[PDB]
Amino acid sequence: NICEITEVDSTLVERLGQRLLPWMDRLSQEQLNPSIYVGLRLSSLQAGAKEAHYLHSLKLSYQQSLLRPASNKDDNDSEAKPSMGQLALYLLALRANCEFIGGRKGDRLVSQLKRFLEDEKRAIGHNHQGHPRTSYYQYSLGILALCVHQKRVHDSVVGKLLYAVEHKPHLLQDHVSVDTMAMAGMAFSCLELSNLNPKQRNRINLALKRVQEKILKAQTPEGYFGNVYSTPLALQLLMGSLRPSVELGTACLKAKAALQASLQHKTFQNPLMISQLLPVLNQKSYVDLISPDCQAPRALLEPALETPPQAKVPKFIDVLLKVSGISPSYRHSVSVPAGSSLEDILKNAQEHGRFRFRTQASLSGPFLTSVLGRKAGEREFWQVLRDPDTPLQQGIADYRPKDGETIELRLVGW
């Protein structure tokens, strides 16, 4: 297949896998990450039966958190659980261990997921005025997750994703675009291969060509689908073929070369991103979770065990932090070692100034949710940009600012 990464330097792959390896000892509820587990299982790499403990921890935690008693002893909250889209990735994790979800606990989880989709269906509405509470990405992920376990979703649920893909000057924001198409594509593709909604078979097939079209349309001069980070999910979808073309073949070749290029430059630092890339580098996608092969051997990753101690004096960078989209705006001047994350800088400004911010856990890491006491609301988010007006492609923990950058935290409405 032409959309498949066919040749990768195994030492690059191994370095990527070494980035996931420490996460395998991070078993706390907020660190546990079903995406990382999936990515490893579908990769050419193994992070030990560190993996087994990890799935077991996922099982215990997702079950204990999501199946809690009918009425909790005086709180309405205690120990905020995984989200439904995370439950969807947890379902992918089980398939990655060649398990189907089951038993009474598994029935309840599946219902929770179906309720989620039904609730999103309702939120989206009638004829689609109205938004998902979460996103179409999680919507698609949910359908895909149920599909790979051979669980059917209501035709009206699937309809909502199909129509969104099908209808008009495409709804989706640029940020979500390719990634959401890729994920929806993978939901549709699973539906097809599974024949789970035969009453919309043709519609699904046409949604697939659509999804393919929009992804190729989104190709950048650099070769990326959307951006470097959407490219792996794009390729995950695209390697699933069934519409082989000359445009598609050329697009994939460009996409692949751009991706391999970025691998030489330590582009992929984010554990979730790596978890999305490794499968692709092993010619696998989430859609392979339909029939996962748990017998295939993988190369054991061993701990890097070396963190190079320079005893040098590091370069410092001087960075300007600025907050906009709220009143008052705020600025902060910080000088920190080169290689400091945006997050380090935030924590520094908080420590040594009038700054404050809050993040919350996500599978991509710390997600900035509140700056200076202003918490992003319903369709708001704290956008992170490098001045002038360039949205970062990494979040706070991964973005490592350059000398002289102005980094903007902008409250925006999408």
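All residue numbers are counted from 1 along the displayed sequence.
Legend entry - Between 246 to 254 and 262 to 270 (mean CA B-factor, as deposited), the higher: Comparing averages over the C-alpha atoms only gives 246 to 254.
Legend entry - Of 303 to 311 and 213 to 221, the stretch whose C-alpha atoms average the higher B-factor in the entry: The recorded data point to 303 to 311.
Inset, instruction - Would you mind finding, among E405, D398, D9, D25, the residue with the largest C-alpha temperature factor in the entry? - result: Answer for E405, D398, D9, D25: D9, with the highest C-alpha B-factor.
Inset, instruction - Among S335, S140, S71, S329, single out the one with the highest C-alpha B factor in the record, please. - result: The record points to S71.
Legend entry - Chain-wide C-alpha B factor ranking for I5, given as lowest, middle or highest third: Top third by C-alpha B-factor.
Legend entry - Ranked C-alpha temperature factor of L89 among modelled chain residues, by third: Its C-alpha B-factor belongs to the lowest third of this chain's values.
Inset, instruction - Pull the Cα B-factor of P292 out of the PDB entry and bin it into the chain's lowest, middle or highest third. - result: It falls in the middle third of the chain.
Legend entry - Position of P198 among the chain's modelled residues by C-alpha B-factor, lowest, middle or highest third: Ranked within chain, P198 CA B lands in the highest tercile.
Legend entry - CA B-factor placement of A145, once the chain's modelled residues are sorted into thirds: Its C-alpha B-factor, which the entry lists for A145, ranks in the lowest third among residues of this chain.
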